[PDB]
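>
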Amino acid sequence: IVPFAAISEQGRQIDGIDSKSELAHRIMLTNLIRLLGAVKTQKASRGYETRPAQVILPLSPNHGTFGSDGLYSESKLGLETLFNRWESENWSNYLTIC
Amino acid sequence: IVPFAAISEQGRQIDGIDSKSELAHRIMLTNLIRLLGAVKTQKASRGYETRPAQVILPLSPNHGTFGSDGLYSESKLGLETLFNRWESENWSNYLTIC
Amino acid sequence: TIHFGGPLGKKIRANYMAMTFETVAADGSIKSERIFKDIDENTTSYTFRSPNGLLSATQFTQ
Amino acid sequence: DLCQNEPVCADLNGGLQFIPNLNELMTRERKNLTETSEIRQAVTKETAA
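Residue numbers (PDB author numbering), protein chains in the order written: chain A, 738 to 835; chain B, 738 to 835; chain C, 1749 to 1810; chain D, 885 to 933.
Put into structure tokens, the structure is as follows:
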């Protein structure tokens, strides 16, 4: 899986978090997590336990250091949590994180 | 500001991210950020620049280590970004983070 | 009310703290006294007051 | 005053971050309680029967 879809949030500071920032956050974090969950659901429902997929997971070095980029940094940091969730949840058998 | 409102997401794993997890995430992260932005807007609009408010910001040591808690860890980690945003954005004059 | 909150407020407070006037005591000794006795490094804010309005107060009238 | 200099991060965790595998430890201790409880209860119930 290469989930590299992204929207540009350039020009949005803390006072400019708008409906487009919500949409960008949804695309880059929330629905990405759901896309993975949906894949897991299929693989589990059919028992393909010896074919965990590699997820190339698009992280960013920008932790707010560029600035004025909306919720982009928060989305990218939020993805980093999957590293821990791979060990703490029951879907490692269906997915592996890179 | 003591924004300590929270909803319990106990029992939600990666396959159980539901409308209640979205609501909990909205309350603990998205609308918290908007609440701060709204305060900034007032203070800026009236020029109270020598009264930045302290934000006691409720972070958690749980970075997914308890498990089965929905989007709670992601919300709490997402708040940590404000530390950097205080330096990188133009609202330090109205707020300070703790 | 002036609020000394923040870096700017700390600077404003320091300006007030730095304000002084010298009095000659009856023995001829010069005593420096701060104008804003109420304000100090611990003071968070202060308030000017005038019942005929602050335009009638010499420090702002001038 | 410090927060006006720089953002402050206060660790009020009590050291929980130094415990490896907190969930497994918690699950084990919740078991430990239950076993001991059950044994005495089973003996009690059997003594009643």
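Backbone N, C-alpha and C fix where the C-beta goes; we use that ideal spot for every residue, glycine too.
Is the region 791-810 of chain B touching the region 1788-1801 of chain C in the sense that three or more CB pairs, one from each, lie closer than 8 Å?
no
> Residues of the region 803-827 of chain B in Cβ contact with chain D at a cutoff of 7 Å, in chain order, please.
803, 804, 820, 823
> State yes or no: is the beta carbon of residue 788 (chain B) nearer than 9 Å to at least one beta carbon in chain C?
yes
> Please list the residues of the region 742-754 of chain A that have a C-beta atom closer than 8 Å to any C-beta atom in chain B, keeping them in chain order.
750, 751, 752, 754
> Can you give the Cα-Cα distance for residue 824 (chain B) and residue 921 (chain D), rounded to whole angstroms?
For residue 824 (chain B) and residue 921 (chain D), the distance between alpha carbons rounds to 54 Å.
> Within the same chain, show all residues whose beta-carbon is closer than 6 Å to that of residue 1749 (chain C), passing over the 5 residues directly before and after it, in chain order.
Here the set comprises 1793, 1795.
> Near residue 817 (chain B), what residues of its chain come up, given a Cβ to Cβ distance below 8 Å and the 5 sequence neighbours on each side ignored?
796
> Between which two residues does the alpha helix (DSSP H) containing residue 769 (chain A) stretch?
768-783
> Cβ of residue 832 (chain A) within 9 Å of Cβ of residue 773 (chain A)?
Cβ atoms of residue 832 (chain A) and residue 773 (chain A): closer than 9 Å.
> Measure the CB-CB distance between residue 748 (chain B) and residue 805 (chain B) and report whether it falls below 9 Å.
yes
> For residue 792 (chain A), which beta-bridge partners are listed by DSSP?
A:834
> Using only alpha-carbon positions, find the residue among B:784, B:815, B:765 that is nearest to residue 800 (chain A).
Measuring from the Cα of residue 800 (chain A), the nearest candidate turns out to be B:815.
> When DSSP labels each residue in this structure, what does residue 825 (chain B) get in the three-state scheme?
In the three-state scheme derived from DSSP, where H, G and I count as helix and E and B as strand, residue 825 (chain B) is classed as helix.
> With a threshold of 9 Å between beta-carbons, can residue 925 (chain D) be considered close to chain B, or not?
no
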